[PDB]
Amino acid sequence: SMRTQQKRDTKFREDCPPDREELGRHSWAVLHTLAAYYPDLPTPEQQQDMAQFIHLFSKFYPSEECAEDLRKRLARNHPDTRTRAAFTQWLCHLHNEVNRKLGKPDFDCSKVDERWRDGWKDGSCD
C-alpha cells in the first residue's frame, strides 16, 4: 500500500534513540560478551561482584516491563557466577526464558562460546 511497519524500510537515520528491541539486542551483546570473558576460576570477590552487577543491571534496565520481568526471574533463578562455564550457560538459559516468553526459538546453549567469543568452528566469522 505504501507505509510499512518493516523498520529497516522506513527509518534510515542510525543515530537515533534505541527502541525496546534495539536496546535488547545491544544489551544481550554486552551481557553475553562480558560473560564470555569472565574468569574460569574467579575469586570470591569477582563472583560476588558479578552477581551484584546483574542485580544492579536489573534495577536500572529502562524498559520497565522487561526490567520487572527480569527482577522476577532473578528472584527464582539467582545468577550462577561460580565459573565462566556456569555463568555463560546460566545467562544463555536466562536469555532462552525470554525468547520462549516472546515466541522466539531456543538458542542452542552449546553454541555460546562460538557465538560470543571464539567464532563458529567453520570459520564463517573470519
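The numbering used is simple: start at 1 and walk along the sequence shown.
Taking the mean C-alpha B-factor of each stretch as recorded, 28-36 and 59-67 are not equal, and the higher mean is that of 59-67.
As recorded in the PDB entry, 11-19 is the stretch of 107-115 and 11-19 with the greater mean C-alpha temperature factor. Between the residues 93, 72, 84, 100, the entry's highest C-alpha temperature factor is the one at 72.
Residue 52: CA B factor in the middle third of modelled residues in this chain (values from the PDB entry). Compared with the other modelled residues of the chain, the Cα B-factor recorded for residue 88 ranks in the lowest third. Among the modelled residues of its chain, residue 77 has a C-alpha B-factor that falls in the highest third, as given in the PDB entry.
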